[PDB]
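Engineer: Input: one structure, supplied below.
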Amino acid sequence: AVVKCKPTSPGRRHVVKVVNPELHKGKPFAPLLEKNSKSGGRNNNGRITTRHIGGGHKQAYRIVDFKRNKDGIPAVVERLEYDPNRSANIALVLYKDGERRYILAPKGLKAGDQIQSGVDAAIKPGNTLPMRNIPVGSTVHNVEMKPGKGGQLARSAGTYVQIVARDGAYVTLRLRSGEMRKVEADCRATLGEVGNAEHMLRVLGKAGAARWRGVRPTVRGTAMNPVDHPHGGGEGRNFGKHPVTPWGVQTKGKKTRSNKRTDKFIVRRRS
Amino acid sequence: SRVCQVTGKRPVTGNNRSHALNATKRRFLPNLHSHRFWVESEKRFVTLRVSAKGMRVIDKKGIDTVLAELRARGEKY
Amino acid sequence: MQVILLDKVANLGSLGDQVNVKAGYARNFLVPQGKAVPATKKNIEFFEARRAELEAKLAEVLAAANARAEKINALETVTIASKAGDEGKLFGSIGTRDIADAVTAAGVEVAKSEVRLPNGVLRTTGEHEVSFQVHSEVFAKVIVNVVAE
Amino acid sequence: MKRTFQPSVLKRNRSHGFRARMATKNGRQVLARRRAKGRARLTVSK
Amino acid sequence: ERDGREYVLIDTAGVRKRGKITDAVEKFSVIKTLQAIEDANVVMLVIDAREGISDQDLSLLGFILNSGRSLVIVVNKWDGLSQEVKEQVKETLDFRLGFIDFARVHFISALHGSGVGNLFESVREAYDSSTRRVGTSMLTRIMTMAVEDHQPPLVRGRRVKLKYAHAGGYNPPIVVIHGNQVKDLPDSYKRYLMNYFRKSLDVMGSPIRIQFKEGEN
RNA sequence: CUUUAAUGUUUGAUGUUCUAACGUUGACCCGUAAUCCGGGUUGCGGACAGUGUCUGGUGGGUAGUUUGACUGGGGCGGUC
RNA sequence: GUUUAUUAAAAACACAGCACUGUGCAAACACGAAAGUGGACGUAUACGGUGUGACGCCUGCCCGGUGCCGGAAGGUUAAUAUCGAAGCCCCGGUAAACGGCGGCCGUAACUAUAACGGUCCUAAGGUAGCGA
RNA sequence: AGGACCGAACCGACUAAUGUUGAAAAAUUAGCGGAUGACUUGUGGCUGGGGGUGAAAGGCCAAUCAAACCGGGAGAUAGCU
């Protein structure tokens with residue numbers, strides 16, 4: 001939860017932080033762990049492609065999946081754990097299958113909670129099913145769009161979507177946006193959501209914070225020498241010119257849509 | 001590639017052109033697509049990359065005549 | 001291109017109708033399916049002699065295919081012949097689900113919109129009882145005895 | 001301040017190693033060029 | 001003329017010039033628009049919101065500045081445009097070039113009419129300012145402020161001297177100020193002092209003109 | 001002939017549904033106790049999409065260059 | 001904090017915070033004729049872009065409903081030279097509209113400033129910041 | 001605890017001074033800044049020229065950089081000395 005830094009320095013004057021004491025402190029489960037990778041973000045032919053990405057800290061990936069499987073004989077929540085692999089918190093479950101696996105891990109958890117990936121469902125908050133057996137108006141997260149592809153939409157803190165209708169084949173849901181989109185008739189998404197609805201108030205706070213967050217300066221184009229990249233500006237820092245990007249035409253308050261294949265699922269556009 | 005395997009293709013030399021009649025060059029891609037032909041003579045598909053002049057050409061002569069060649073052109077069936 | 005049909009009857013074109021057709025229908029539906037053979041001023045001569053045999057001797061247990069076809073285009077009264085449609089009414093256990101094989105239109109079907117049954121259905125004679133779903137997870141049924149001769 | 005001359009046998013050699021220069025047609029078009037020009041050091045990494 | 005007051009129709013095709021014919025090429029029509037300049041004390045620029053401000057068109061506004069006649073800016077066939085208009089920015093790019101006048105934007109159609117009154121009105125207001133009764137006194141008095149405030153330029157360690165302005169006509173307002181030599185000012189300071197006058201006494205009208213004569217040095 | 005039907009038509013649009021090209025960064029089986037690929041099965045999309053040609057609009061982002069001369073220094077101006 | 005290595009250390013550049021936009025994953029976007037790759041083993045509390053520059057303090061004005069404002073083309077109100085244009089709907093445009101963010105009059109005690117209404121407009125109405 | 005204070009190492013270079021055919025293709029001499037992090041550094045490795053890269057100066061990219069270096073085109077071309 002929230003904790004405010006007491007100022008003893010500027011450089012600790014606007015550091016807003018949120019502690020995580022309801023997780024263990026120390027190593028986690030290595031046999032479900034895997035390396036990180038850093039490449040400054042850089043391309044196949046390593047290049048600065050999408051600027052600013054890279055650095056950070058070190059961090060580590062964790063071998064995971066949210067396809068709610070080995071459905072069989074249910075699990076229970078063993079612990080939750082922080083990981084910098086999401087803006088949330090993930091959690092180990094232990095199955096009665098005698099399986100051991102991590103899950104994305106919703107808000108409602110308090111350890112030892114009952115889990116079943118069984119399609120009958122105990123309609124338990126945080127539990128998954130394919131949306132064709134949902135309740136009407138249900139709140140769901142881990143929206144896929146091909147059946148069993150594995151969620152790829154809505155797997156962040158407090159992200160969810162409300163089911164608007166399920167009529168005939170296909171289910172229309174409201175993306176967090178105010179976007180109505182229809183995913184398929186079977187397709188999953190997990191009841192409710194994962195919280196961490198407070199790390200919104202967590203800050204970088206300073207450059208040191210941003211340095212361990214791998215944010216390498218978003219370097220202001222606009223007061224550069226326009227020669228190698230243009231936009232506005234000059235040596236005189238003058239205005240009263242035709243503002244466009246290097247593609248010769250504006251990018252700020254211009255639509256885009258290069259996916260003439262997903263209009264068909266879209267009912268009412270994003271905001 | 002970008003070649004018919006029959007008709008004989010590859011992009012071939014160009015230029016944008018203007019009544020100005022400026023100088024630049026650009027090549028020119030044919031209209032080929034890999035289309036899933038049904039051999040029938042072993043009753044399988046041997047999907048080949050083919051022109052769209054060629055698509056016609058294959059048809060007019062028939063499957064195993066394009067596919068008579070390839071072997072006679074010493075190349076992947 | 002152009003073909004002489006092999007097809008007995010077909011919804012346009014029938015019974016050794018030599019006609020030209022769309023290229024995109026002809027090469028990927030009229031052939032290779034047996035519903036046509038390419039035409040050439042060579043082929044037509046071969047074919048003309050051949051069809052007094054072929055579009056008769058083949059085309060005589062095929063009357064079934066045009067009839068049964070309706071039943072699989074809807075999938076409301078899922079009916080095909082396993083051996084039948086040319087032997088009187090569709091009878092025996094033989095037909096659809098007793099091997100769990102029935103032809104689909106395009107794999108999008110209403111003939112496996114639920115699965116639940118312990119040894120399938122069909123087990124009468126002189127008619128053939130199909131199960132005609134009333135839901136997608138309850139099988140309260142409305143079984144019919146359609147035939148498609 | 002430092003100087004343009006930096007040390008290392010290692011780095012020197014795997015800037016251009018003989019084989020690596022025998023292993024890309026263009027800087028082998030070169031190898032041959034010089035070789036025909038008759039220079040008994042070649043690589044300069046003996 | 002209707003209501004005695006003169007209207008012109010101009011350019012070459014698309015204008016809905018389909019007339020008796022007379023401009024074999026792109027040229028002759030231009031001979032006409034230059035007539036359109038001669039006759040004005042007001043010019044109206046129609047621009048579209050969906051083909052307006054073309055390259056030729058922005059040059060056309062630049063030209064207008066030469067034309068020395070009052071600019072009133074019309075946008076016609078503007079009831080069919082999209083609800084989020086494209087077009088504030090289109091107004092902004094022309095605004096920044098920039099035309100100190102009074103605008104006044106019109107969004108009409110010839111196939112509806114909305115702007116119809118507002119166009120009639122705008123021209124009159126623009127004409128009053130343009131045609132304003134002027135007068136050596138006013139000009140001299142506001143001028144003093146300007147030069148005191150921001151400094152007449154110095155040239156070759158010798159400071160210049162301004163000493164009166166008078167009006168050489170008013171209809172497109174011209175003034176001729178007798179000070180130091182032509183090159184002793186840059187065109188810019190001329191314009192600075194001009195812009196000042198354009199500011200301190202309203203000119204919703206046309207650009208105003210400034211001159212400099214020498215005799216004292 | 002202007003004009004106007006009635007009729008023969010001829011053809012293109014929209015509308016809807018389909019599947020069989022085609023797509024499938026769904027799921028599985030398989031060469032192969034290989035995140036590549038290939039083939040096959042099935043699920044989903046679907047005559048679309050996308051691309052090739054042709055073709056209209058846009059395009060200082062990129063490209064080649066153009067911007068006189070007279071001149072009591074030039075540019076200024078004015079002038080040819 | 002960072003920086004013009006081999007003139008110039010800053011007020012420059014950066015920066016948290018803030019603001020705005022664009023993007024629903026086969027993402028935007030970016031590189032790479034493309035294949036592929038990066039973006040991301042991520043997933044709108046984000047991601048990308050852009051932009052402003054701690055912090056505190058200076059009040060940032062929604063067009064839909066219905067109304068209003070200008071205008072014509074119509075509607076509506078007219079004569080009934082029918083057509084019906086003027087004022088109003090509508091078309092556009094309009095929230096210093098109802099309703100949250102001014103005056104002026106009475107009134108929170110030197111009247112006067114005024115939370116309520118009247119009055120200018122179918123303006124909330126000096127509440128914030130700040131006072132000779 | 002901390003982009004915490006002072007301050008060696010190590011890195012950086014604000015004042016001055018000196019050198020300026022040096023001792024030195026930017027050091028020395030003498031004060032001086034930061035110094036547990038937006039740190040510092042090794043080793044190795046990788047981003048390549050109309051190109052990178054760039055906490056951005058039109059910097060820097062092999063002593064060279066408002067267009068590398070090198071080869072060729074090319075005895076360029078030059079109403080000019």
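Please note that chains go A, B, ... in the order of the structure tokens, that every chain numbers its residues from 1, and that ligands are numbered from 1 in the order shown.
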Can you tell me, as a list in words, what residues are no more than 12 Å from residue 59 in chain B when counting only C-alpha atoms (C1' of nucleotides), ignoring any on the same chain fewer than 2 positions away?

Structural biologist: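 Within the cut-off, the hits are residues 37, 38, 50, 51, 52, 53, 54, 55, 56, 57, 61, 62, 63, 64, 65, 66 and 67 of chain B; 1, 2, 3, 23, 24, 26, 27, 28, 31, 38, 39 and 40 of chain C.
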
Engineer: Quick one: pick out all helix (DSSP H, G or I) residues within range 2-142 of chain C from a backbone DSSP run and write them as number ranges by chain.

Structural biologist: C: 23-26, 30-33, 43-57, 63-73

Engineer: Hey, list the chain A side of the contact with chain E: 8 Å cut-off, only C-alpha atoms, answer as a ChimeraX atom specification.

Structural biologist: /A:240-242

Engineer: One number please: CA of residue 34 in chain C to CA of residue 6 in chain C, in Å, one decimal.

Structural biologist: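 For CA of residue 34 in chain C relative to CA of residue 6 in chain C, the distance reads 6.1 Å.
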
Engineer: As an exercise, work out the distance from CA of residue 133 in chain E to CA of residue 179 in chain E in Å and give it to one decimal place.

Structural biologist: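 Between these atoms lies a distance of 23.4 Å.
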
Engineer: Select from chain D every residue with an atom at most 10 Å from any atom of chain H, then for each give the shortest pair of atoms and their distance in Å to one decimal, using only C-alpha atoms (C1' of nucleotides), rows by chain and rising number, as CSV.

Structural biologist:
```
residue,atom,partner,partner_atom,distance
D:1,CA,H:26,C1',8.6
D:3,CA,H:63,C1',7.8
D:4,CA,H:63,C1',6.4
D:5,CA,H:62,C1',8.9
D:10,CA,H:44,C1',9.5
D:11,CA,H:44,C1',8.5
```

Engineer: Would you pick out the contacts of residue 138 in chain A at 7 Å or less, using only C-alpha atoms (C1' of nucleotides), so that residues sharing its chain but fewer than 4 positions from it are not included, and give the list as a list in words?

Structural biologist: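 Residues near the query, excluding close chain neighbours: residues 134, 162 and 163 of chain A.
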
Engineer: Would you write out those residues with N, CA and C atoms, as a JSON list (two decimals), in the first residue's frame?

Structural biologist:
```
[["chain", "number", "residue", "atom", "x", "y", "z"],
["A", 134, "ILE", "N", -20.03, -17.85, -18.85],
["A", 134, "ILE", "CA", -20.07, -16.67, -18.03],
["A", 134, "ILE", "C", -21.41, -16.27, -17.51],
["A", 162, "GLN", "N", -15.84, -5.46, -19.01],
["A", 162, "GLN", "CA", -17.17, -5.72, -18.68],
["A", 162, "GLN", "C", -17.66, -6.39, -19.99],
["A", 163, "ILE", "N", -18.47, -7.42, -19.81],
["A", 163, "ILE", "CA", -19.11, -8.17, -20.84],
["A", 163, "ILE", "C", -20.44, -7.43, -21.06]]
```

Engineer: Run DSSP on the backbone and give me the residues of range 58-96 of chain E it puts in strand (DSSP E), as a PyMOL selection string.

Structural biologist: chain E and resi 70-76

Engineer: For each of F:68, F:43, F:57, F:75, take the minimum atom-to-atom distance to chain C, counting only C-alpha atoms (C1' of nucleotides), then give the residue where this is smallest.

Structural biologist: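 Among the listed residues, the smallest separation from chain C belongs to F:43.
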
Engineer: May I have the residues of chain G within 12 Å of chain B, counting only C-alpha atoms (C1' of nucleotides), written as a ChimeraX atom specification?

Structural biologist: /G:33-35

Engineer: Could you save the residues just selected, with N, CA, C and O atoms (P, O5', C5', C4', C3', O3' and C1' of nucleotides), as a PDB file, in the first residue's frame?

Structural biologist:
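This went into out.pdb:
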```
ATOM      1  P     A G  33      16.173  -2.661 -46.769  1.00  0.00           P
ATOM      2  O5'   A G  33      15.879  -4.052 -47.495  1.00  0.00           O
ATOM      3  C5'   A G  33      14.555  -4.580 -47.668  1.00  0.00           C
ATOM      4  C4'   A G  33      13.378  -3.604 -48.160  1.00  0.00           C
ATOM      5  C3'   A G  33      12.076  -4.333 -48.578  1.00  0.00           C
ATOM      6  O3'   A G  33      10.896  -3.591 -48.116  1.00  0.00           O
ATOM      7  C1'   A G  33      12.728  -3.206 -50.345  1.00  0.00           C
ATOM      8  P     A G  34      10.371  -3.742 -46.600  1.00  0.00           P
ATOM      9  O5'   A G  34       9.557  -5.054 -46.644  1.00  0.00           O
ATOM     10  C5'   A G  34       8.672  -5.542 -47.630  1.00  0.00           C
ATOM     11  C4'   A G  34       8.981  -6.964 -47.990  1.00  0.00           C
ATOM     12  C3'   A G  34       8.814  -7.914 -46.830  1.00  0.00           C
ATOM     13  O3'   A G  34       7.461  -8.477 -46.743  1.00  0.00           O
ATOM     14  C1'   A G  34      10.972  -8.169 -47.908  1.00  0.00           C
ATOM     15  P     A G  35       7.230  -9.177 -45.364  1.00  0.00           P
ATOM     16  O5'   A G  35       8.437 -10.280 -45.157  1.00  0.00           O
ATOM     17  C5'   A G  35       8.139 -11.585 -45.677  1.00  0.00           C
ATOM     18  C4'   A G  35       9.357 -12.563 -45.509  1.00  0.00           C
ATOM     19  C3'   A G  35       9.691 -12.751 -43.992  1.00  0.00           C
ATOM     20  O3'   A G  35       8.785 -13.693 -43.417  1.00  0.00           O
ATOM     21  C1'   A G  35      11.710 -12.423 -45.176  1.00  0.00           C
TER      22        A G  35
END
```

Engineer: Applying 12 Å and only C-alpha atoms (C1' of nucleotides), which residues near range 40-43 of chain D remain after dropping the ones on its own chain fewer than 2 positions away? List them as an NGL selection string.

Structural biologist: :D and (12-22 or 27-28 or 30-38 or 45-46)

Engineer: Env of residue 100 in chain G: 12 Å cut, atoms = only C-alpha atoms (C1' of nucleotides), seq-sep filter 2 positions within chain, self excluded. Answer as a ChimeraX atom specification.

Structural biologist: /G:59,61-62,95,123-125,127

Engineer: Residues as selected, N, CA, C and O atoms (P, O5', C5', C4', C3', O3' and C1' of nucleotides), written as a PDB file, in the first residue's frame, can you do that?

Structural biologist:
```pdb
ATOM      1  P     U G  59      -5.734  31.579 -13.177  1.00  0.00           P
ATOM      2  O5'   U G  59      -7.256  31.435 -13.469  1.00  0.00           O
ATOM      3  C5'   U G  59      -7.929  30.220 -13.817  1.00  0.00           C
ATOM      4  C4'   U G  59      -8.910  29.735 -12.820  1.00  0.00           C
ATOM      5  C3'   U G  59     -10.314  29.943 -13.274  1.00  0.00           C
ATOM      6  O3'   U G  59     -10.538  28.967 -14.318  1.00  0.00           O
ATOM      7  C1'   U G  59     -10.292  30.510 -11.070  1.00  0.00           C
ATOM      8  P     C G  61     -12.342  28.155 -20.257  1.00  0.00           P
ATOM      9  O5'   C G  61     -12.729  26.667 -20.727  1.00  0.00           O
ATOM     10  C5'   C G  61     -13.470  25.771 -19.956  1.00  0.00           C
ATOM     11  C4'   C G  61     -14.985  25.879 -20.196  1.00  0.00           C
ATOM     12  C3'   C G  61     -15.428  26.205 -21.631  1.00  0.00           C
ATOM     13  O3'   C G  61     -15.405  25.027 -22.388  1.00  0.00           O
ATOM     14  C1'   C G  61     -16.476  27.594 -20.024  1.00  0.00           C
ATOM     15  P     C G  62     -16.361  24.679 -23.600  1.00  0.00           P
ATOM     16  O5'   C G  62     -17.247  23.431 -23.131  1.00  0.00           O
ATOM     17  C5'   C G  62     -16.794  22.109 -22.993  1.00  0.00           C
ATOM     18  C4'   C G  62     -17.984  21.122 -22.970  1.00  0.00           C
ATOM     19  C3'   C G  62     -19.254  21.315 -23.916  1.00  0.00           C
ATOM     20  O3'   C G  62     -19.078  20.736 -25.138  1.00  0.00           O
ATOM     21  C1'   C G  62     -19.864  20.897 -21.638  1.00  0.00           C
ATOM     22  P     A G  95     -20.404  28.589 -26.032  1.00  0.00           P
ATOM     23  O5'   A G  95     -21.666  28.568 -25.038  1.00  0.00           O
ATOM     24  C5'   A G  95     -22.118  29.627 -24.221  1.00  0.00           C
ATOM     25  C4'   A G  95     -21.822  29.263 -22.774  1.00  0.00           C
ATOM     26  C3'   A G  95     -20.452  28.591 -22.358  1.00  0.00           C
ATOM     27  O3'   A G  95     -19.542  29.553 -21.985  1.00  0.00           O
ATOM     28  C1'   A G  95     -22.205  27.238 -21.661  1.00  0.00           C
ATOM     29  P     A G 123     -28.402  34.307 -19.286  1.00  0.00           P
ATOM     30  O5'   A G 123     -28.096  35.417 -18.173  1.00  0.00           O
ATOM     31  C5'   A G 123     -27.708  34.949 -16.873  1.00  0.00           C
ATOM     32  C4'   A G 123     -26.242  34.350 -16.851  1.00  0.00           C
ATOM     33  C3'   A G 123     -25.604  34.207 -15.497  1.00  0.00           C
ATOM     34  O3'   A G 123     -26.285  33.239 -14.680  1.00  0.00           O
ATOM     35  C1'   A G 123     -24.001  34.796 -17.056  1.00  0.00           C
ATOM     36  P     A G 124     -27.006  33.712 -13.401  1.00  0.00           P
ATOM     37  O5'   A G 124     -25.899  33.882 -12.311  1.00  0.00           O
ATOM     38  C5'   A G 124     -25.614  32.841 -11.355  1.00  0.00           C
ATOM     39  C4'   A G 124     -24.746  31.665 -11.855  1.00  0.00           C
ATOM     40  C3'   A G 124     -23.595  31.110 -10.946  1.00  0.00           C
ATOM     41  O3'   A G 124     -24.002  30.304  -9.943  1.00  0.00           O
ATOM     42  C1'   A G 124     -23.088  31.176 -13.263  1.00  0.00           C
ATOM     43  P     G G 125     -24.392  30.792  -8.462  1.00  0.00           P
ATOM     44  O5'   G G 125     -24.283  32.318  -8.622  1.00  0.00           O
ATOM     45  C5'   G G 125     -23.530  33.177  -7.829  1.00  0.00           C
ATOM     46  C4'   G G 125     -22.353  33.839  -8.690  1.00  0.00           C
ATOM     47  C3'   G G 125     -21.769  35.137  -8.188  1.00  0.00           C
ATOM     48  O3'   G G 125     -20.327  35.174  -8.396  1.00  0.00           O
ATOM     49  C1'   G G 125     -22.340  35.435 -10.394  1.00  0.00           C
ATOM     50  P     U G 127     -16.601  37.258  -1.989  1.00  0.00           P
ATOM     51  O5'   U G 127     -16.330  35.862  -2.666  1.00  0.00           O
ATOM     52  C5'   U G 127     -14.984  35.242  -2.511  1.00  0.00           C
ATOM     53  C4'   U G 127     -15.199  33.695  -2.423  1.00  0.00           C
ATOM     54  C3'   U G 127     -14.034  32.840  -2.448  1.00  0.00           C
ATOM     55  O3'   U G 127     -13.335  32.943  -1.248  1.00  0.00           O
ATOM     56  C1'   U G 127     -16.130  31.811  -3.326  1.00  0.00           C
TER      57        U G 127
END
```

Engineer: Neighbouring residues of residue 145 in chain A were defined as those with any atom within 9 Å, considering only C-alpha atoms (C1' of nucleotides); residues of the same chain fewer than 3 positions away were excluded. Please report them as a list in words.

Structural biologist: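 Here the qualifying residues turn out to be residues 148, 149, 150, 151, 152, 153, 182, 183, 184, 187 and 188 of chain A.
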
Engineer: Could you write those residues out with N, CA, C and O atoms, as a PDB file, in the first residue's frame?

Structural biologist:
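This went into result.pdb:
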```pdb
ATOM      1  N   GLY A 148      -8.155 -20.272 -26.562  1.00  0.00           N
ATOM      2  CA  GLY A 148      -6.985 -20.834 -26.045  1.00  0.00           C
ATOM      3  C   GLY A 148      -5.681 -20.415 -26.564  1.00  0.00           C
ATOM      4  O   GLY A 148      -4.757 -21.200 -26.542  1.00  0.00           O
ATOM      5  N   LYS A 149      -5.589 -19.216 -27.134  1.00  0.00           N
ATOM      6  CA  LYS A 149      -4.298 -18.686 -27.573  1.00  0.00           C
ATOM      7  C   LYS A 149      -3.511 -18.334 -26.291  1.00  0.00           C
ATOM      8  O   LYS A 149      -2.323 -18.530 -26.330  1.00  0.00           O
ATOM      9  N   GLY A 150      -4.127 -17.806 -25.217  1.00  0.00           N
ATOM     10  CA  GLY A 150      -3.554 -17.431 -23.946  1.00  0.00           C
ATOM     11  C   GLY A 150      -3.615 -15.924 -23.913  1.00  0.00           C
ATOM     12  O   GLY A 150      -3.315 -15.226 -24.903  1.00  0.00           O
ATOM     13  N   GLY A 151      -4.173 -15.378 -22.846  1.00  0.00           N
ATOM     14  CA  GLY A 151      -4.541 -13.962 -22.644  1.00  0.00           C
ATOM     15  C   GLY A 151      -3.402 -13.072 -23.008  1.00  0.00           C
ATOM     16  O   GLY A 151      -2.239 -13.470 -22.860  1.00  0.00           O
ATOM     17  N   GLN A 152      -3.776 -11.828 -23.521  1.00  0.00           N
ATOM     18  CA  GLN A 152      -2.730 -11.017 -23.994  1.00  0.00           C
ATOM     19  C   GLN A 152      -3.276  -9.587 -23.931  1.00  0.00           C
ATOM     20  O   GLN A 152      -2.594  -8.621 -24.308  1.00  0.00           O
ATOM     21  N   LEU A 153      -4.533  -9.530 -23.435  1.00  0.00           N
ATOM     22  CA  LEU A 153      -5.195  -8.310 -23.264  1.00  0.00           C
ATOM     23  C   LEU A 153      -5.817  -8.412 -21.943  1.00  0.00           C
ATOM     24  O   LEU A 153      -6.674  -9.256 -21.783  1.00  0.00           O
ATOM     25  N   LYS A 182     -15.975  -7.584 -30.247  1.00  0.00           N
ATOM     26  CA  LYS A 182     -16.354  -8.930 -30.132  1.00  0.00           C
ATOM     27  C   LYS A 182     -15.243  -9.943 -30.294  1.00  0.00           C
ATOM     28  O   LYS A 182     -14.736 -10.013 -31.384  1.00  0.00           O
ATOM     29  N   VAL A 183     -14.934 -10.708 -29.213  1.00  0.00           N
ATOM     30  CA  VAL A 183     -14.040 -11.848 -29.366  1.00  0.00           C
ATOM     31  C   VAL A 183     -14.953 -13.032 -29.574  1.00  0.00           C
ATOM     32  O   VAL A 183     -16.176 -12.796 -29.580  1.00  0.00           O
ATOM     33  N   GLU A 184     -14.395 -14.224 -29.854  1.00  0.00           N
ATOM     34  CA  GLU A 184     -15.082 -15.401 -30.208  1.00  0.00           C
ATOM     35  C   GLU A 184     -15.955 -15.967 -29.148  1.00  0.00           C
ATOM     36  O   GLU A 184     -15.807 -15.699 -27.948  1.00  0.00           O
ATOM     37  N   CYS A 187     -13.914 -18.305 -26.409  1.00  0.00           N
ATOM     38  CA  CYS A 187     -12.801 -17.520 -25.785  1.00  0.00           C
ATOM     39  C   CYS A 187     -12.888 -17.179 -24.339  1.00  0.00           C
ATOM     40  O   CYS A 187     -13.897 -16.777 -23.894  1.00  0.00           O
ATOM     41  N   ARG A 188     -11.782 -17.382 -23.624  1.00  0.00           N
ATOM     42  CA  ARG A 188     -11.530 -17.059 -22.193  1.00  0.00           C
ATOM     43  C   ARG A 188     -11.224 -15.622 -21.823  1.00  0.00           C
ATOM     44  O   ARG A 188     -10.981 -14.706 -22.629  1.00  0.00           O
TER      45      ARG A 188
END
```

Engineer: Show me which bits of chain F are within 10 Å of chain B, counting only C-alpha atoms (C1' of nucleotides), as a PyMOL selection string.

Structural biologist: chain F and resi 21-22+51-53+63-64
